[PDB]
Structure formats: structure tokens, C-alpha cells
>>> print(open('my_file_24.cif').read())   # mmCIF, C-alpha atoms and all ligand atoms
data_coords
#
loop_
_atom_site.label_atom_id
_atom_site.label_comp_id
_atom_site.auth_asym_id
_atom_site.auth_seq_id
_atom_site.Cartn_x
_atom_site.Cartn_y
_atom_site.Cartn_z
CA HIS A 3 13.36 17.52 10.43
CA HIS A 4 11.57 15.86 7.50
CA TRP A 5 9.68 12.67 8.38
CA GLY A 6 11.11 9.27 7.56
CA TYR A 7 11.77 5.86 9.08
CA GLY A 8 15.01 6.66 10.87
CA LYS A 9 15.78 6.68 14.59
CA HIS A 10 15.17 10.43 14.88
CA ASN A 11 12.35 10.95 12.36
CA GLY A 12 10.53 7.62 12.42
CA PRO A 13 6.83 6.78 13.06
CA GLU A 14 7.15 7.47 16.81
CA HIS A 15 7.97 11.13 16.00
CA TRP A 16 5.31 11.76 13.34
CA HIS A 17 2.66 13.02 15.78
CA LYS A 18 4.67 16.20 16.41
CA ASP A 19 4.07 17.44 12.85
CA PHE A 20 0.91 15.42 12.14
CA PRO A 21 -1.29 15.30 15.28
CA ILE A 22 -3.75 13.00 13.50
CA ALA A 23 -1.14 10.27 14.03
CA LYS A 24 -2.94 9.60 17.32
CA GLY A 25 -6.38 9.69 15.70
CA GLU A 26 -9.39 7.37 15.96
CA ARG A 27 -8.99 5.49 12.67
CA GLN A 28 -5.28 5.15 12.02
CA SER A 29 -3.65 2.39 9.98
CA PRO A 30 -2.17 -0.16 9.81
CA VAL A 31 -3.74 -2.51 12.36
CA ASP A 32 -3.36 -6.12 13.42
CA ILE A 33 -6.04 -8.34 11.94
CA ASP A 34 -7.23 -10.75 14.63
CA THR A 35 -8.85 -13.47 12.52
CA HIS A 36 -10.90 -14.73 15.46
CA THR A 37 -12.40 -11.31 16.15
CA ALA A 38 -13.10 -10.39 12.52
CA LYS A 39 -16.82 -10.50 11.73
CA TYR A 40 -18.08 -12.44 8.72
CA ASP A 41 -20.44 -10.15 6.82
CA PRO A 42 -22.71 -11.94 4.31
CA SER A 43 -23.75 -8.46 3.14
CA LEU A 44 -20.35 -7.78 1.57
CA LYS A 45 -20.24 -8.06 -2.21
CA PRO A 46 -17.42 -9.61 -4.23
CA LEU A 47 -14.66 -7.22 -5.28
CA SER A 48 -14.73 -6.05 -8.88
CA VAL A 49 -11.26 -5.36 -10.26
CA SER A 50 -11.26 -4.03 -13.83
CA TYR A 51 -7.61 -3.52 -14.77
CA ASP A 52 -7.77 -4.60 -18.42
CA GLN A 53 -7.46 -1.01 -19.69
CA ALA A 54 -4.84 0.12 -17.15
CA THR A 55 -2.29 2.61 -18.49
CA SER A 56 0.91 2.80 -16.46
CA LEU A 57 3.08 5.84 -17.08
CA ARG A 58 6.06 6.15 -14.81
CA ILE A 59 7.93 4.70 -11.85
CA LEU A 60 9.33 7.15 -9.32
CA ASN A 61 11.59 6.94 -6.28
CA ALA A 62 9.57 9.16 -3.94
CA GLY A 63 12.05 8.89 -1.07
CA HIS A 64 10.06 6.79 1.24
CA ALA A 65 9.06 4.23 -1.37
CA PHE A 66 8.87 3.90 -5.16
CA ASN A 67 5.55 4.51 -6.89
CA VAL A 68 4.28 3.14 -10.19
CA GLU A 69 1.90 5.77 -11.53
CA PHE A 70 -1.10 5.32 -13.79
CA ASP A 71 -3.17 7.61 -16.00
CA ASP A 72 -6.27 8.37 -13.92
CA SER A 73 -7.85 10.93 -16.24
CA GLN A 74 -10.50 8.38 -17.27
CA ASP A 75 -12.04 5.18 -15.87
CA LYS A 76 -9.40 2.83 -17.33
CA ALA A 77 -8.45 0.84 -14.22
CA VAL A 78 -11.12 0.84 -11.54
CA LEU A 79 -12.13 -0.93 -8.36
CA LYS A 80 -15.79 -1.41 -7.43
CA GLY A 81 -18.00 -3.65 -5.35
CA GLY A 82 -16.94 -5.12 -2.06
CA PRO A 83 -17.79 -2.61 0.71
CA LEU A 84 -17.47 0.28 -1.74
CA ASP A 85 -20.20 2.54 -3.07
CA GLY A 86 -19.16 4.11 -6.35
CA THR A 87 -16.18 3.80 -8.66
CA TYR A 88 -12.56 4.17 -7.53
CA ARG A 89 -9.77 4.85 -10.04
CA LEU A 90 -6.29 3.40 -9.65
CA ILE A 91 -3.68 6.16 -9.40
CA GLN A 92 -0.55 4.40 -8.12
CA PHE A 93 0.85 1.40 -6.29
CA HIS A 94 3.90 1.03 -4.06
CA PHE A 95 5.35 -1.40 -1.53
CA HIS A 96 6.56 -1.46 2.07
CA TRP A 97 9.29 -3.95 2.94
CA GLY A 98 11.80 -4.87 5.60
CA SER A 99 15.53 -5.36 6.03
CA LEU A 100 14.85 -9.05 6.77
CA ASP A 101 12.27 -11.54 5.48
CA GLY A 102 10.62 -11.69 8.90
CA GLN A 103 9.30 -8.13 8.76
CA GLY A 104 8.16 -5.56 6.22
CA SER A 105 4.39 -5.61 6.04
CA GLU A 106 2.33 -2.90 7.70
CA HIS A 107 -0.76 -4.92 8.48
CA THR A 108 -0.24 -8.14 10.41
CA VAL A 109 -2.51 -11.18 10.66
CA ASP A 110 -2.78 -12.60 14.16
CA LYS A 111 0.47 -10.74 14.86
CA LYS A 112 2.17 -12.41 11.89
CA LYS A 113 4.37 -10.12 9.80
CA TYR A 114 5.01 -10.65 6.09
CA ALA A 115 8.11 -9.81 4.04
CA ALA A 116 6.37 -6.92 2.31
CA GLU A 117 3.03 -5.33 1.52
CA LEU A 118 1.72 -4.02 -1.78
CA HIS A 119 -0.68 -1.07 -1.76
CA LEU A 120 -2.79 -0.26 -4.82
CA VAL A 121 -4.24 3.20 -4.26
CA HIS A 122 -7.59 4.23 -5.76
CA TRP A 123 -9.68 7.38 -5.35
CA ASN A 124 -13.46 7.96 -5.45
CA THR A 125 -14.42 9.58 -8.76
CA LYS A 127 -17.33 11.50 -7.29
CA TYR A 128 -14.75 13.89 -5.85
CA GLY A 129 -13.17 14.97 -9.14
CA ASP A 130 -9.51 14.55 -8.26
CA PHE A 131 -7.19 12.83 -5.80
CA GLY A 132 -6.55 16.01 -3.83
CA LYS A 133 -10.25 16.44 -3.07
CA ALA A 134 -10.68 12.74 -2.39
CA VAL A 135 -8.19 12.64 0.52
CA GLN A 136 -10.30 15.21 2.37
CA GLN A 137 -13.30 12.85 2.51
CA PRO A 138 -14.01 9.88 4.83
CA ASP A 139 -14.75 7.64 1.82
CA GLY A 140 -12.29 9.27 -0.56
CA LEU A 141 -9.79 6.46 -1.01
CA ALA A 142 -9.83 2.69 -1.34
CA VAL A 143 -6.51 0.91 -0.89
CA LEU A 144 -6.09 -2.74 -1.85
CA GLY A 145 -3.47 -4.39 0.32
CA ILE A 146 -1.66 -7.57 -0.69
CA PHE A 147 0.87 -9.45 1.44
CA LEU A 148 4.11 -10.79 -0.02
CA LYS A 149 5.78 -13.90 1.37
CA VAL A 150 9.20 -15.17 0.27
CA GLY A 151 9.07 -18.32 -1.82
CA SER A 152 8.71 -18.81 -5.56
CA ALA A 153 9.34 -15.88 -7.89
CA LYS A 154 6.40 -13.82 -9.15
CA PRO A 155 6.80 -13.50 -12.95
CA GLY A 156 4.58 -10.43 -13.10
CA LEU A 157 6.79 -8.52 -10.67
CA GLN A 158 10.10 -8.91 -12.51
CA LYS A 159 9.43 -5.98 -14.86
CA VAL A 160 9.30 -3.75 -11.77
CA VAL A 161 12.42 -5.31 -10.27
CA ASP A 162 14.57 -4.84 -13.37
CA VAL A 163 13.99 -1.09 -13.57
CA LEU A 164 14.86 -0.27 -9.95
CA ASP A 165 18.52 0.28 -10.84
CA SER A 166 17.45 3.30 -12.88
CA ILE A 167 15.65 4.99 -9.96
CA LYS A 168 18.10 4.17 -7.16
CA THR A 169 17.96 7.57 -5.47
CA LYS A 170 15.22 9.96 -4.37
CA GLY A 171 13.72 12.06 -7.15
CA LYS A 172 14.70 9.78 -10.02
CA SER A 173 11.97 8.59 -12.36
CA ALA A 174 11.75 6.41 -15.46
CA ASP A 175 9.15 5.83 -18.15
CA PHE A 176 7.20 2.69 -17.25
CA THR A 177 4.54 1.98 -19.83
CA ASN A 178 2.42 -1.05 -20.63
CA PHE A 179 2.71 -2.63 -17.19
CA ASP A 180 -0.24 -4.88 -16.33
CA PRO A 181 -1.08 -4.78 -12.60
CA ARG A 182 -3.19 -7.92 -12.94
CA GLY A 183 0.02 -9.90 -12.74
CA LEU A 184 0.35 -8.89 -9.08
CA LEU A 185 -2.97 -10.28 -7.84
CA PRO A 186 -3.42 -13.56 -5.94
CA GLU A 187 -5.81 -16.28 -7.12
CA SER A 188 -8.53 -15.57 -4.56
CA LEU A 189 -10.01 -12.16 -3.80
CA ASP A 190 -11.40 -12.93 -0.34
CA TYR A 191 -10.69 -9.99 1.94
CA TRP A 192 -10.91 -8.18 5.23
CA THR A 193 -12.07 -4.58 5.37
CA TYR A 194 -12.08 -1.73 7.86
CA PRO A 195 -12.07 2.10 7.87
CA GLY A 196 -8.58 3.53 8.22
CA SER A 197 -5.98 6.06 7.11
CA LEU A 198 -2.98 6.65 4.87
CA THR A 199 0.01 5.01 6.55
CA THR A 200 2.41 7.84 5.67
CA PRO A 201 2.06 11.57 6.38
CA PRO A 202 -0.33 13.39 6.16
CA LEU A 203 -1.94 10.25 7.67
CA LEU A 204 -5.42 11.40 6.60
CA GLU A 205 -8.32 9.21 7.73
CA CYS A 206 -9.84 8.88 4.27
CA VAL A 207 -9.25 5.21 3.45
CA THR A 208 -11.38 2.12 3.08
CA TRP A 209 -8.96 -0.67 3.49
CA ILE A 210 -9.41 -3.90 1.61
CA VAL A 211 -6.74 -6.40 2.68
CA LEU A 212 -6.56 -9.66 0.73
CA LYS A 213 -6.34 -12.92 2.68
CA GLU A 214 -4.16 -14.75 0.15
CA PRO A 215 -0.53 -13.59 -0.06
CA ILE A 216 1.48 -13.67 -3.26
CA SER A 217 4.91 -15.24 -3.25
CA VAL A 218 8.05 -13.52 -4.50
CA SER A 219 11.61 -14.81 -4.64
CA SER A 220 14.42 -13.96 -2.26
CA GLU A 221 16.26 -12.39 -5.21
CA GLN A 222 13.31 -10.15 -6.07
CA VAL A 223 12.87 -8.72 -2.57
CA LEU A 224 16.65 -8.36 -2.28
CA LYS A 225 16.60 -5.85 -5.13
CA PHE A 226 13.98 -3.78 -3.27
CA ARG A 227 16.54 -3.46 -0.48
CA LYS A 228 19.15 -1.89 -2.77
CA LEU A 229 17.16 1.32 -3.23
CA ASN A 230 18.21 4.52 -1.43
CA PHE A 231 16.19 6.87 0.80
CA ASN A 232 18.71 9.58 -0.05
CA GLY A 233 19.10 11.63 -3.20
CA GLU A 234 22.10 11.28 -5.51
CA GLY A 235 25.35 12.72 -4.19
CA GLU A 236 24.25 12.27 -0.58
CA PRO A 237 25.31 9.73 2.09
CA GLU A 238 23.82 6.35 1.13
CA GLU A 239 20.95 5.15 3.31
CA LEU A 240 19.39 1.89 2.16
CA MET A 241 15.62 1.95 1.69
CA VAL A 242 14.51 -0.76 4.11
CA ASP A 243 11.93 -1.06 6.88
CA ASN A 244 9.68 1.64 5.41
CA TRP A 245 6.71 0.32 7.35
CA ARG A 246 4.61 1.82 10.13
CA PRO A 247 3.82 -0.41 13.12
CA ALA A 248 0.26 -1.47 13.98
CA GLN A 249 -1.97 1.18 15.54
CA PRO A 250 -4.82 0.78 18.08
CA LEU A 251 -8.05 -0.48 16.50
CA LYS A 252 -10.04 1.56 19.01
CA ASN A 253 -13.76 1.59 18.22
CA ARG A 254 -13.53 -0.15 14.85
CA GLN A 255 -14.74 -3.47 13.51
CA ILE A 256 -12.87 -5.52 10.94
CA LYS A 257 -15.21 -7.38 8.60
CA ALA A 258 -14.43 -10.48 6.55
CA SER A 259 -15.90 -11.36 3.14
CA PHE A 260 -15.37 -15.06 3.89
CA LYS A 261 -16.22 -17.53 6.65
ZN ZN A 301 1.47 2.17 1.52
#
>>> encode(input="my_file_24.cif", output="C-alpha cells")
Amino acid sequence: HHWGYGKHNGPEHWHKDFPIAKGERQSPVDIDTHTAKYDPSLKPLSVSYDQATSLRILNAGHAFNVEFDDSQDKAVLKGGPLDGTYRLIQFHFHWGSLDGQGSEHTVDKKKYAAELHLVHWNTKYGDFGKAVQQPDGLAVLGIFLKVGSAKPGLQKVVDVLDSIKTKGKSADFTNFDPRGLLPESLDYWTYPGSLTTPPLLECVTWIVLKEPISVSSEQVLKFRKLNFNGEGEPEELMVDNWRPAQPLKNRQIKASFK
């Protein structure tokens, strides 16, 4: 039936409806730190989120998304391996049922408790829909979450989850500053990949940060109380909404640091 993360509709079944699932540049992948190539040509990342305008938080079924106004260059990502300006449209997370799993990308096979994805699209394409049809249409910033000390900047997100427990529910979410979710350092790995959920389009430049952010056990616990199901339906907890690592194939992962 509809795709998901269950036993009968999980990632291993996706290829039946989305053949590209077995493509040449699928994500996520395992980052082998000893095989990554240091590239002195890579520029520092430029994150300009000072004018970011968040609008709403939505339970999309497979995750919850925090949406931003992308009708102007308010919150953009530039530099790094990117050519052009990419506007932030939304961010969401992937997490597990236990602290030992949850992230999509892994580092030397190590899994993190969760993974934050800040999605941006290339403005030269006019809109997000056009952008996903291009090889350099999207730029996704990936940040790992490890369980430890609480992240003050994440609490605002945590407190509103009760209002969007089931699929389809949304709530106004204005004046949220995404800068509170960034680690201290912006050193990264980068490689050409895809969207990790259907339609799995191979239109993404991945920028995965080396430094994880820490969140508290209580904070991640609240993520696990969300439901995949819609109201009035049998409760299915939203956990383990991550896709396992895919073959790197003929791709090279580059590092901005040595
Ligand atoms: Zn994602």
C-alpha cells in the first residue's frame, strides 16, 4: 500500500513503486572517515538565517516538518561546494526507538540517536517543484544528534509536538530561529545524493556536519510520542523513520577539513 517504515511497507519495499530506489546516487550512505578526501578547494559554508521566517509545524505522517516562508531570500545557504543561492524551505528529523539508532547517515558505521535535515532549494529554478527535477536542485544540511545535555534551542519544537500528535495536524509556529540548532563548528563532509524518502529523487547535494549537537533524553523521548497514524486510527508510534545506508557506488565523499 502506501510507503512507510513498517514491516510490509518499509524501505526494502520502496523500489516496487519507486524504481530509483536502486539508483546510482541514493542516500543515506556510511561516511568512512579514512576514505573521505580532504578538498582544499572547498569553501566555508555560509549560513544566513538571521531573517528566517518560520510559519508552521506539520505532522506529515512520516515525520514532522517546520516550514519557512521561501518566497524571498530570507534564510539562505551558500558557499561550501554550492554554486548559487539555496533557500531554506523546511527542516525535519529522523529518529529511532532507542538511543543507539535513528540517524540515516552513519560515520564509520556509527549510528546517532537522530538526524536533523534542513532542506534548501536552488533559486535559479524558480520553485521547489522545479528544483527537485535537477541534479543540483537541492542542498540538505545534515546534523547528527547525540543524547546528552539538553539543547535549549530545540525545546520550543518539543513543547508543541503534543498539538500535532497525529498525521495531518498542523500548528502555527512563528518566530522560530533555526540558528539555535547549529553546532559550534561548520566543518563538513559532502557528496552527491538523493532525497531519503519517496520519490527518492537524485537531486541533492548533501552537506553533513562533523560536529553533532547534544539533546536530552527527555527531549528525544517526546519525539517518540508522535503517531504515524491519523486521529481516530490505531495508534502507531512514530519511531525508526530512518532509511538504512545505501551503496556509495561510484561516488566520492569530500571533507572540508583535514
Ligand atoms: Zn530527511
>>> atom_distance(input="my_file_24.cif", atom1="atom CA of residue 37 of chain A", atom2="atom CA of residue 257 of chain A")
9.0 Å
>>> residues_around(input="my_file_24.cif", residues="segment 169-186 of chain A", least_positions_apart="5", cutoff="7 Å", atoms="all atoms listed in the file", output="list in words")
residues 51, 54, 55, 56, 57, 58, 59, 60, 61, 62, 63, 156, 157, 214, 215, 216, 229, 230, 231, 232, 233 and 234 of chain A
>>> write_last_selection(input="my_file_24.cif", atoms="C-alpha atoms", output="mmCIF file, in the frame of the given file")
data_model
loop_
_atom_site.group_PDB
_atom_site.id
_atom_site.type_symbol
_atom_site.label_atom_id
_atom_site.label_comp_id
_atom_site.auth_asym_id
_atom_site.auth_seq_id
_atom_site.Cartn_x
_atom_site.Cartn_y
_atom_site.Cartn_z
ATOM 1 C CA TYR A 51 -7.610 -3.520 -14.770
ATOM 2 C CA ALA A 54 -4.840 0.120 -17.150
ATOM 3 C CA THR A 55 -2.290 2.610 -18.490
ATOM 4 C CA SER A 56 0.910 2.800 -16.460
ATOM 5 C CA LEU A 57 3.080 5.840 -17.080
ATOM 6 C CA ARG A 58 6.060 6.150 -14.810
ATOM 7 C CA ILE A 59 7.930 4.700 -11.850
ATOM 8 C CA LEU A 60 9.330 7.150 -9.320
ATOM 9 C CA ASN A 61 11.590 6.940 -6.280
ATOM 10 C CA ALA A 62 9.570 9.160 -3.940
ATOM 11 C CA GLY A 63 12.050 8.890 -1.070
ATOM 12 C CA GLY A 156 4.580 -10.430 -13.100
ATOM 13 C CA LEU A 157 6.790 -8.520 -10.670
ATOM 14 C CA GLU A 214 -4.160 -14.750 0.150
ATOM 15 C CA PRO A 215 -0.530 -13.590 -0.060
ATOM 16 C CA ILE A 216 1.480 -13.670 -3.260
ATOM 17 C CA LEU A 229 17.160 1.320 -3.230
ATOM 18 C CA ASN A 230 18.210 4.520 -1.430
ATOM 19 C CA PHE A 231 16.190 6.870 0.800
ATOM 20 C CA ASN A 232 18.710 9.580 -0.050
ATOM 21 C CA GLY A 233 19.100 11.630 -3.200
ATOM 22 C CA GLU A 234 22.100 11.280 -5.510
#
>>> residues_near_ligand(input="my_file_24.cif", ligand="ligand ZN 301 (chain A)", cutoff="10 Å", atoms="all atoms listed in the file", output="list in words")
residues 29, 30, 64, 65, 67, 93, 94, 95, 96, 105, 106, 117, 118, 119, 120, 121, 143, 144, 145, 198, 199, 200, 244, 245 and 246 of chain A
>>> atom_distance(input="my_file_24.cif", atom1="atom CA of residue 13 of chain A", atom2="atom CA of residue 201 of chain A")
9.5 Å
>>> atom_distance(input="my_file_24.cif", atom1="atom CA of residue 14 of chain A", atom2="atom CA of residue 195 of chain A")
21.9 Å
>>> closest_residue(input="my_file_24.cif", among="A:228, A:80, A:252, A:133", to="residue 24 of chain A", atoms="only C-alpha atoms")
A:252
>>> axis_aligned_box(input="my_file_24.cif", around="segment 120-129 of chain A", padding_each_side="8 Å", output="AutoDock Vina command-line options")
--center_x -10.1 --center_y 7.4 --center_z -6.7 --size_x 30.5 --size_y 31.2 --size_z 20.9
>>> residues_around(input="my_file_24.cif", residues="residue 78 of chain A", least_positions_apart="3", cutoff="9 Å", atoms="all atoms listed in the file", output="list in words")
residues 48, 49, 50, 51, 54, 75, 87, 88, 89, 90 and 122 of chain A
>>> write_last_selection(input="my_file_24.cif", atoms="C-alpha atoms", output="PDB file, keeping the file's coordinate frame")
ATOM      1  CA  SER A  48     -14.730  -6.050  -8.880  1.00  0.00           C
ATOM      2  CA  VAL A  49     -11.260  -5.360 -10.260  1.00  0.00           C
ATOM      3  CA  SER A  50     -11.260  -4.030 -13.830  1.00  0.00           C
ATOM      4  CA  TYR A  51      -7.610  -3.520 -14.770  1.00  0.00           C
ATOM      5  CA  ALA A  54      -4.840   0.120 -17.150  1.00  0.00           C
ATOM      6  CA  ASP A  75     -12.040   5.180 -15.870  1.00  0.00           C
ATOM      7  CA  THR A  87     -16.180   3.800  -8.660  1.00  0.00           C
ATOM      8  CA  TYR A  88     -12.560   4.170  -7.530  1.00  0.00           C
ATOM      9  CA  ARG A  89      -9.770   4.850 -10.040  1.00  0.00           C
ATOM     10  CA  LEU A  90      -6.290   3.400  -9.650  1.00  0.00           C
ATOM     11  CA  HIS A 122      -7.590   4.230  -5.760  1.00  0.00           C
TER      12      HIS A 122
END
>>> closest_residue(input="my_file_24.cif", among="A:208, A:220, A:103, A:197", to="residue 28 of chain A", atoms="all atoms listed in the file")
A:197
>>> closest_residue(input="my_file_24.cif", among="A:85, A:19, A:205, A:101", to="residue 138 of chain A", atoms="only C-alpha atoms")
A:205
>>> closest_residue(input="my_file_24.cif", among="A:140, A:40, A:149, A:242", to="residue 8 of chain A", atoms="all atoms listed in the file")
A:242
>>> residues_around(input="my_file_24.cif", residues="residue 251 of chain A", least_positions_apart="3", cutoff="9 Å", atoms="all atoms listed in the file", output="PyMOL selection string")
chain A and resi 26-32+248+254-256
>>> closest_residue(input="my_file_24.cif", among="A:148, A:128, A:16, A:219", to="residue 114 of chain A", atoms="all atoms listed in the file")
A:148
>>> closest_residue(input="my_file_24.cif", among="A:91, A:224, A:167, A:23", to="residue 130 of chain A", atoms="only C-alpha atoms")
A:91
>>> decode(input="my_file_24.cif", residues="segment 214-248 of chain A", atoms="N, CA and C atoms", output="tab-separated table (two decimals), in the first residue's frame")
chain	number	residue	atom	x	y	z
A	214	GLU	N	30.42	17.86	13.54
A	214	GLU	CA	30.09	18.03	14.96
A	214	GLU	C	28.61	17.82	15.28
A	215	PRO	N	28.30	16.84	16.14
A	215	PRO	CA	26.90	16.59	16.49
A	215	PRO	C	26.44	17.59	17.54
A	216	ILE	N	25.13	17.73	17.69
A	216	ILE	CA	24.60	18.59	18.72
A	216	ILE	C	24.05	17.62	19.75
A	217	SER	N	24.02	18.02	21.01
A	217	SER	CA	23.51	17.13	22.03
A	217	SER	C	22.11	17.57	22.43
A	218	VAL	N	21.27	16.59	22.72
A	218	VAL	CA	19.90	16.83	23.14
A	218	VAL	C	19.70	15.93	24.35
A	219	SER	N	18.71	16.24	25.18
A	219	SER	CA	18.49	15.43	26.37
A	219	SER	C	17.63	14.21	26.09
A	220	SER	N	17.69	13.25	27.00
A	220	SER	CA	16.91	12.03	26.88
A	220	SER	C	15.43	12.39	26.85
A	221	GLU	N	15.05	13.37	27.67
A	221	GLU	CA	13.66	13.82	27.74
A	221	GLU	C	13.17	14.42	26.43
A	222	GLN	N	14.05	15.18	25.77
A	222	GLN	CA	13.69	15.81	24.50
A	222	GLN	C	13.43	14.79	23.40
A	223	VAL	N	14.33	13.82	23.25
A	223	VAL	CA	14.15	12.80	22.21
A	223	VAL	C	12.96	11.91	22.53
A	224	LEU	N	12.70	11.72	23.82
A	224	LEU	CA	11.60	10.89	24.27
A	224	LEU	C	10.28	11.43	23.73
A	225	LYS	N	10.15	12.75	23.72
A	225	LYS	CA	8.93	13.38	23.24
A	225	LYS	C	8.74	13.19	21.73
A	226	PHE	N	9.85	13.03	21.01
A	226	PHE	CA	9.78	12.79	19.57
A	226	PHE	C	9.08	11.44	19.36
A	227	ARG	N	9.40	10.50	20.25
A	227	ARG	CA	8.87	9.14	20.18
A	227	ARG	C	7.40	8.98	20.56
A	228	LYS	N	6.76	10.07	20.97
A	228	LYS	CA	5.35	10.00	21.35
A	228	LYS	C	4.42	10.38	20.20
A	229	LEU	N	5.01	10.81	19.08
A	229	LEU	CA	4.23	11.17	17.91
A	229	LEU	C	3.64	9.91	17.28
A	230	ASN	N	2.62	10.09	16.44
A	230	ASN	CA	1.95	8.98	15.77
A	230	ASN	C	2.08	9.04	14.25
A	231	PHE	N	2.27	7.88	13.62
A	231	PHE	CA	2.36	7.78	12.17
A	231	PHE	C	0.93	7.92	11.63
A	232	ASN	N	0.00	7.38	12.40
A	232	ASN	CA	-1.42	7.35	12.06
A	232	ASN	C	-2.15	8.67	12.23
A	233	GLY	N	-3.32	8.75	11.61
A	233	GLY	CA	-4.15	9.94	11.72
A	233	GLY	C	-5.09	9.72	12.89
A	234	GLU	N	-5.67	10.80	13.40
A	234	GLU	CA	-6.60	10.71	14.53
A	234	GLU	C	-7.72	9.71	14.27
A	235	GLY	N	-8.14	9.02	15.32
A	235	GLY	CA	-9.21	8.05	15.19
A	235	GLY	C	-8.79	6.71	14.63
A	236	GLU	N	-7.50	6.56	14.33
A	236	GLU	CA	-6.99	5.31	13.79
A	236	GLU	C	-6.13	4.59	14.83
A	237	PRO	N	-5.82	3.30	14.60
A	237	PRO	CA	-5.00	2.54	15.54
A	237	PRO	C	-3.65	3.23	15.73
A	238	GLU	N	-3.28	3.48	16.98
A	238	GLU	CA	-2.03	4.16	17.29
A	238	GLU	C	-0.76	3.40	16.93
A	239	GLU	N	0.09	4.05	16.14
A	239	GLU	CA	1.37	3.50	15.72
A	239	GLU	C	2.37	4.60	16.06
A	240	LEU	N	3.26	4.33	17.00
A	240	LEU	CA	4.23	5.34	17.39
A	240	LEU	C	5.19	5.67	16.26
A	241	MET	N	5.51	6.96	16.13
A	241	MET	CA	6.43	7.41	15.09
A	241	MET	C	7.86	7.23	15.60
A	242	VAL	N	8.46	6.10	15.26
A	242	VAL	CA	9.84	5.81	15.65
A	242	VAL	C	10.51	5.06	14.51
A	243	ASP	N	11.83	5.12	14.48
A	243	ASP	CA	12.62	4.47	13.44
A	243	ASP	C	12.20	4.87	12.03
A	244	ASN	N	12.05	6.17	11.81
A	244	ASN	CA	11.68	6.67	10.49
A	244	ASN	C	12.94	7.03	9.73
A	245	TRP	N	13.88	6.09	9.71
A	245	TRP	CA	15.14	6.28	9.00
A	245	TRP	C	15.37	5.20	7.95
A	246	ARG	N	16.05	5.58	6.87
A	246	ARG	CA	16.36	4.65	5.81
A	246	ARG	C	17.79	4.18	6.05
A	247	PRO	N	18.06	2.88	5.85
A	247	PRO	CA	19.42	2.39	6.07
A	247	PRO	C	20.38	2.86	4.97
A	248	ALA	N	21.67	2.79	5.26
A	248	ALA	CA	22.71	3.21	4.32
A	248	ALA	C	22.64	2.48	2.98
